[PDB]
Ligand SMILES: *[C@@H]1O[C@H](CO)[C@@H](O)[C@H](O)[C@H]1NC(C)=O
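Protein chains in written order, with the entry's author numbering: chain A, 741 to 789; chain B, 642 to 691.
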């Protein structure tokens, strides 16, 4: 069956490229929303707000 | 947390991400020649720096 899929065509490289683009875009969305400022800030122990 | 990483020397220094592995861990090809006497250019895994 692998040989039949090999001589049938090469669509799964395209499929994996699309899915890898989707995954990289998911990580880029997460960096776009949450990362923002690179510097991490500690909780302000002085709590008189 | 993602799984089992074999072939990368885990370092518990915190560098910025080079190759996103997953589960907050990144890999990078770093120069160990200047680090440990006469060592070899090698792949290191670590926890990515936020
Ligand atoms: C990582 O931490 C362990 C103990 O927590 C320490 O022995 C080791 O030197 C550190 N660095 C490594 C494994 O590169």
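Every residue, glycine too, gets a C-beta built ideally from N, C-alpha and C.
### Query
Helix, strand or coil: which one does DSSP assign to residue 775 (chain A)?
Along the first chain, read from residue 1 onward, the residue named residue 775 (chain A) stands at position 35. In this structure, residue 775 (chain A) counts as helix in the three-state DSSP scheme.
### Query
Do you know whose CA, among B:670, B:651, B:654, lies nearest residue 660 (chain B)'s CA?
Here residue 660 (chain B) corresponds to residue number 19 of the second chain, with the count starting at 1. Of the candidates B:670, B:651, B:654, the one whose C-alpha sits nearest the C-alpha of residue 660 (chain B) is B:670.
### Task
Decide if residue 786 (chain A) is buried, meaning its Cβ has at least 16 other Cβ atoms within 10 Å, or exposed.
As a working mapping, residue 786 (chain A) is identified with position 46 in the first chain. Looking at its Cβ environment, which holds fewer than 16 other Cβ atoms inside 10 Å, residue 786 (chain A) is exposed.
### Query
Can you list, in chain order, every residue whose CB sits closer than 5 Å to a heavy atom of ligand 1?
B:652, B:653
### Task
Quick one: using the 10 Å Cβ neighbour count with 16 as the cut-off for buried, is residue 748 (chain A) buried or exposed?
Here residue 748 (chain A) refers to the residue found at position 8 when the first chain is read from its first residue. Exposed.
### Task
Return the chain-ordered ranges of every alpha helix (DSSP H) run that is complete within the region 745 to 775 of chain A and spans a minimum of 4 residues.
751 to 770
### Message
Just to confirm, is the Cβ distance from residue 651 (chain B) to residue 686 (chain B) under 8 Å?
### Response
Reading the second chain from its first residue, position 10 is the one you call residue 651 (chain B). Reading the second chain from its first residue, position 45 is the one you call residue 686 (chain B). Yes.
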